[PDB]
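Asker: I'd like to ask you about the structure that follows.
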Amino acid sequence: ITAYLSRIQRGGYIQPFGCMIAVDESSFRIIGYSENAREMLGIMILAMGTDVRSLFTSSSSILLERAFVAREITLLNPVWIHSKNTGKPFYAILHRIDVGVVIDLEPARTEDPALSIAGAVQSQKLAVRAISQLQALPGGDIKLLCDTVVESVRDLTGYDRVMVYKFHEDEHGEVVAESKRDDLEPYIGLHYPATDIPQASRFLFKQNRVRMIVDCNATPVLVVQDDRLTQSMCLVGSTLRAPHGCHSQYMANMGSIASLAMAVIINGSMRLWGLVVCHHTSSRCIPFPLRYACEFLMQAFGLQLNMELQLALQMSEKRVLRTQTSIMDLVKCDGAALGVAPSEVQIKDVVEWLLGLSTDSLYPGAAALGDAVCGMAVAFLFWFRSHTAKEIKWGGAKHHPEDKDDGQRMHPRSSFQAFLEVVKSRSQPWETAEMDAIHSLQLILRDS
Amino acid sequence: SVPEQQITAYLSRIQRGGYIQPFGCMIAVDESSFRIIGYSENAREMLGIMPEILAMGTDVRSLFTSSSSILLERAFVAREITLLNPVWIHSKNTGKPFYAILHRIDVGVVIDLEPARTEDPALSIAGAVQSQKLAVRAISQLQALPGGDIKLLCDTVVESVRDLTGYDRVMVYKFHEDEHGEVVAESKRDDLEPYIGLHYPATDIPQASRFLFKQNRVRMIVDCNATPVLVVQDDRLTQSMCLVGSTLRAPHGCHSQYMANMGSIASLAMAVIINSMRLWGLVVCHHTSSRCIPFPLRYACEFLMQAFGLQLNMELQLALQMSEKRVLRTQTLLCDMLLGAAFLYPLXXXXXXXXXXXXXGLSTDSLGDXXXXXXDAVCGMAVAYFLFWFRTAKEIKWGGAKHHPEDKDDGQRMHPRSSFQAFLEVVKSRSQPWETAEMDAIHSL
Ligand SMILES: *[C@H](C)[C@H]1/C(=C/c2[nH]c(/C=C3N=C(/C=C4\NC(=O)C(C=C)=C4C)C(C)=C\3CCC(=O)O)c(CCC(=O)O)c2C)NC(=O)[C@@H]1C
Ligand SMILES: *[C@H](C)[C@H]1/C(=C/c2[nH]c(/C=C3N=C(/C=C4\NC(=O)C(C=C)=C4C)C(C)=C\3CCC(=O)O)c(CCC(=O)O)c2C)NC(=O)[C@@H]1C
């Protein structure tokens, strides 16, 4: 039913910057492994049914033995594991799927433990501090929140470009705030079609809230599984999951070799309001502690943003109902029949034509008298409403409302160059609550 | 909340008690030079320094490994030490692992040493992320929470802390307007009896404690009956050291005996803060047996309590907005439709004469406190001048003693109550409280 779903969830390819080993929870037998595992572990004795504890040191062995039995595996991540052959350190990110226990081995850049530990502690500390700074911001100012959070996230991660990508009502997105590198060109203010980010990706982002991609140009690695498995494994929770081909070529064409997307969650029962994407001109990999730290920071961001939204909304409605009982500051309309509205001529003509009504695009005759008068509300009072922003700067493509997603499509667009668009002469779409208030007010005026 | 300078009760002894809990060592060390200016009595015992190595005026860095030593050195010169807690430390000879919770005081720096479980170095990395991990999970339990409800928040949070730590009882204690508290939600052990619904006097928690919980948001007591440990400090020190932030700070005797009497041999209090900040209440934990939880869990719980604080603040503001929206929309509604409560049309004469004699907008809780109307159906009322509103008896359960408005904290008092037997008090001659929103709405009519 959902496009790209099974292809992202159970796509038998992982990123080549690390290796992955899928184990049977009850028998500790290997039921899956990526082809780069043998090379990365320096095995040059790894097959289907090989005891995992034989691949690593005995301490690591009994440690992961403790890990499998545990009520919650996530609490032991990451497991610092040494290899039998090489002796090089690996971060072990364990999680559970419907088949067994998946182990994500990510090579550790620092070899001496003290420096790595100090780095992790430093990262967590920087996350706590970033959140603390994020808490002291004045309320109501969401733009300041997003700017300070892209500056913070950029300061922590070190990516050349960091930005907040807001999902609008019609599922089309918009970079609302960014902290790019100075010499890089601004992607801020741009708009993108809804098909750039499929519903499947947004759903999986609601479930999995942090996704790292080290290199789009890097050749994906096929993970071979035991022939006894009914279907291809669920590599959603895997931090090494290779991106879909279309998004790989997408990142390739956009100039983002290394990506990192985090979810922005509110509620309406959770809802994905937007993302915070990070693009790097070159390829880079950040360790697990930094990633989890960023997930925490993004959790705080999601909470605070949710608060701001709720409070601003209820306060807005409260302000409407309070101003109801200054006439001009009642609704968002520019004209009220006084205000952004012509003389009694166009009024006479419109009234002449009128003999519950509301439109967002104004009746060709008197609609060319002014660019302001485009929205009409009739119920005896008349409401004029100004037209929307007549220019939208898209990033290579326009969001077509009747355009949907299909799993067979596996090739993106060629360029994301900013191009302007003149939307049809329309006013801002009249809300339903506004019309209900118009009815209530109509009854009120009918009484007296 | 209350002003800082007005609080005088228990403060001097709570801050500088000179007594710590016996589950961890405590060493106060000068900042410039790492010489010891203070140390607990049992400090030599847990570190295996018992026969000198540890004494007044000895380099504390020589009491641990060089790695732990330079960790401390970089901790002292940090921007803010509180962000480096806990500092992992190994002993010099016994090699015993310790969580070091550091606090910068007026003169020197207090170092709390908590005995940690010997874990494999391979988990060290996994150990570094633990606090934020537990915190992320617990808060994630709050993210998937339908906004609007205030009870489900406290319930799910209480349950979250219940599963996080492992206490036999976890609950939310809320401070009312007259400083007296009430248990709003709890996750008792199925065996135990519920403390839910019953209130407490304001003198149960002194102003000093509530004030102190602002700067120190987490407090753990592994055992009240455990014999406190005297801290030995230098002779040159003018006064007792400021153990206001120590995680080992022994409870003031009255609260220890309080815990003993209530049955809570193990306590864990976490303050919740909303919006110059305000203490809304605490989240307290009780255990039938002794319970010492590691510092990372207390940190995670602190995060969870910040999240809970902000979220609850949001819920409060939303609730206010909704209520105001309701009374306002009803106001406009009736105002439009026009163009028990008495309108001078009940929905008699003696009450009118009494009102004419008393008026020689008002809000009265007790008419006896016009005495004629007292001769209970018309408990209290609100007068608008000529419209009148007549409201009223709600029962309140107390857990041992009633809170009187004459109750004041006594700094010299050192003995708590004996019984917390839940008794029920009904209230007459005190009608339904005329809220600010209600009275302002009436005045706006
Ligand atoms: C294929 C023909 C179609 C397609 C498929 C597709 N896209 C994704 C995931 C993402 N797409 C994103 C789009 C942007 N990237 C940006 O930098 C910006 C703006 C500055 C946009 C709008 C983003 C973001 C994602 C998620 C990032 C991540 O790391 O996951 C996927 C899912 C792949 C996966 O494996 O998760 C797929 C299948 N996108 C297209 O544009 C065409 C139409
Ligand atoms: C002594 C004569 C008076 C007294 C002193 C006192 N109380 C505290 C601290 C707390 N008291 C609390 C009350 C409760 N605990 C509960 O579990 C419940 C209900 C279920 C209540 C109402 C709480 C909570 C605290 C804070 C906990 C903590 O660990 O600090 C103190 C300060 C203690 C310290 O840290 O030194 C003192 C001096 N309490 C009394 O009731 C009598 C009147």
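Convention: chains lettered A, B, ... in structure tokens order; per-chain residue numbering from 1; ligands numbered from 1 as shown.
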Around ligand 1, which protein and nucleic acid residues have at least one atom no more than 6 Å from it, if we count only C-alpha atoms and all ligand atoms? List them as a ChimeraX atom specification.
Answerer: /A:4,8,192,195-198,201,211-212,243-244,246-247,259-261,409-412
Asker: Can you write out the residues you just picked, keeping N, CA and C atoms, as a compact mmCIF listing (two decimals), in the first residue's frame?
Answerer:
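Below is the file again-v8.txt, written as the result:
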# COMPACT_ATOMS: atom_id res chain seq x y z
N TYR A 4 7.78 2.53 -1.53
CA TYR A 4 9.15 2.52 -1.00
C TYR A 4 9.28 1.89 0.39
N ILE A 8 12.76 0.27 1.72
CA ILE A 8 13.60 0.94 2.70
C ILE A 8 13.76 0.06 3.93
N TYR A 192 10.32 22.73 -1.68
CA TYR A 192 10.53 21.45 -2.34
C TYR A 192 9.22 20.68 -2.42
N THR A 195 7.15 14.93 -2.82
CA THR A 195 7.66 13.65 -3.28
C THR A 195 9.17 13.53 -3.09
N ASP A 196 9.80 14.60 -2.63
CA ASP A 196 11.22 14.55 -2.28
C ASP A 196 11.42 13.67 -1.06
N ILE A 197 10.49 13.78 -0.11
CA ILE A 197 10.50 12.94 1.07
C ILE A 197 9.21 12.14 1.14
N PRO A 198 9.26 10.87 0.73
CA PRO A 198 8.09 9.99 0.70
C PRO A 198 7.45 9.83 2.08
N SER A 201 9.34 7.44 4.35
CA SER A 201 10.51 8.00 5.01
C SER A 201 10.11 8.83 6.22
N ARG A 211 19.17 9.61 11.47
CA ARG A 211 19.73 8.86 10.35
C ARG A 211 21.01 9.50 9.82
N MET A 212 22.09 8.73 9.81
CA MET A 212 23.37 9.23 9.33
C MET A 212 23.81 8.54 8.04
N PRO A 243 21.13 4.10 2.02
CA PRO A 243 20.02 4.91 1.51
C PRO A 243 19.50 4.37 0.18
N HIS A 244 18.23 4.61 -0.11
CA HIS A 244 17.63 4.20 -1.37
C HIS A 244 18.38 4.85 -2.53
N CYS A 246 17.44 6.32 -5.22
CA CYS A 246 16.92 7.63 -5.61
C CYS A 246 17.44 8.73 -4.70
N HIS A 247 17.51 8.45 -3.40
CA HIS A 247 17.99 9.45 -2.45
C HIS A 247 19.51 9.56 -2.49
N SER A 259 25.23 13.10 4.67
CA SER A 259 23.97 13.61 5.20
C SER A 259 23.74 13.17 6.64
N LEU A 260 22.84 13.86 7.32
CA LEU A 260 22.43 13.51 8.67
C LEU A 260 21.10 14.17 9.00
N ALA A 261 20.04 13.37 9.04
CA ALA A 261 18.70 13.90 9.26
C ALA A 261 18.12 13.46 10.60
N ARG A 409 9.53 4.08 -9.23
CA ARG A 409 10.34 5.24 -9.59
C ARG A 409 11.62 5.27 -8.77
N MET A 410 12.77 5.24 -9.44
CA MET A 410 14.05 5.19 -8.75
C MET A 410 15.09 6.15 -9.32
N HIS A 411 14.64 7.29 -9.82
CA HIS A 411 15.55 8.32 -10.34
C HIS A 411 15.03 9.72 -10.03
N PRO A 412 15.84 10.52 -9.31
CA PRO A 412 15.48 11.88 -8.90
C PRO A 412 15.60 12.89 -10.03
Asker: Compile a residue-level contact table for chain B against ligand 2 at a cut-off of 7 Å, reporting for every qualifying residue the shortest atom pair and its distance in Å to one decimal, with only C-alpha atoms and all ligand atoms counted, rows ordered by chain and ascending number, as a tab-separated table.
Answerer:
residue	atom	partner	partner_atom_place_in_ligand_line	distance
B:10	CA	ligand 2	38 (C)	5.8
B:14	CA	ligand 2	36 (O)	4.7
B:173	CA	ligand 2	19 (C)	6.9
B:181	CA	ligand 2	22 (C)	6.5
B:183	CA	ligand 2	20 (C)	6.7
B:195	CA	ligand 2	20 (C)	6.5
B:200	CA	ligand 2	22 (C)	5.4
B:203	CA	ligand 2	43 (C)	5.0
B:204	CA	ligand 2	41 (O)	3.1
B:205	CA	ligand 2	11 (N)	4.1
B:206	CA	ligand 2	6 (C)	5.8
B:209	CA	ligand 2	32 (C)	5.2
B:219	CA	ligand 2	29 (O)	5.2
B:220	CA	ligand 2	29 (O)	5.9
B:221	CA	ligand 2	29 (O)	6.1
B:250	CA	ligand 2	36 (O)	6.5
B:251	CA	ligand 2	36 (O)	4.0
B:252	CA	ligand 2	36 (O)	4.1
B:254	CA	ligand 2	1 (C)	4.2
B:255	CA	ligand 2	6 (C)	4.5
B:258	CA	ligand 2	41 (O)	6.5
B:267	CA	ligand 2	29 (O)	6.1
B:268	CA	ligand 2	29 (O)	6.0
B:269	CA	ligand 2	27 (C)	5.1
B:282	CA	ligand 2	24 (C)	6.9
B:284	CA	ligand 2	17 (O)	6.1
B:413	CA	ligand 2	2 (C)	4.6
B:414	CA	ligand 2	2 (C)	4.2
B:415	CA	ligand 2	2 (C)	4.3
B:416	CA	ligand 2	42 (C)	4.2
B:417	CA	ligand 2	41 (O)	6.6
Asker: Given a cut-off of 7 Å, which residues of chain A touch chain B, counting only C-alpha atoms, written out as an NGL selection string?
Answerer: :A and (75-81 or 117 or 120-121 or 124-125 or 269-270 or 289 or 296 or 307 or 311 or 314-315 or 318 or 325 or 444 or 448)
Asker: Determine which residues of region 92-236 of chain A receive a DSSP assignment of alpha helix (DSSP H), computed from the backbone, and state them as an MDAnalysis selection string.
Answerer: chainID A and resid 113:135 142:157 199:207
Asker: Work out how far apart CA of residue 323 (chain A) and CA of residue 143 (chain A) are and give it in Å to one decimal.
Answerer: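 Computed distance, CA of residue 323 (chain A) to CA of residue 143 (chain A), equals 26.3 Å.
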Asker: Name the residues in contact with residue 430 (chain B) at a cut-off of 12 Å, using only C-alpha atoms, excluding same-chain residues fewer than 4 positions from it; report them as a ChimeraX atom specification.
Answerer: /B:363-369,374,376,378-381,391-395,426,434
Asker: Could you tell me how far CA of residue 12 (chain A) lies from CA of residue 235 (chain A), in Å and to one decimal?
Answerer: 7.7 Å
Asker: Measuring between only C-alpha atoms, which one of B:277, B:194, B:25, B:90 shows the shortest distance to residue 3 (chain B)?
Answerer: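 Result for the nearest residue to residue 3 (chain B): B:277.
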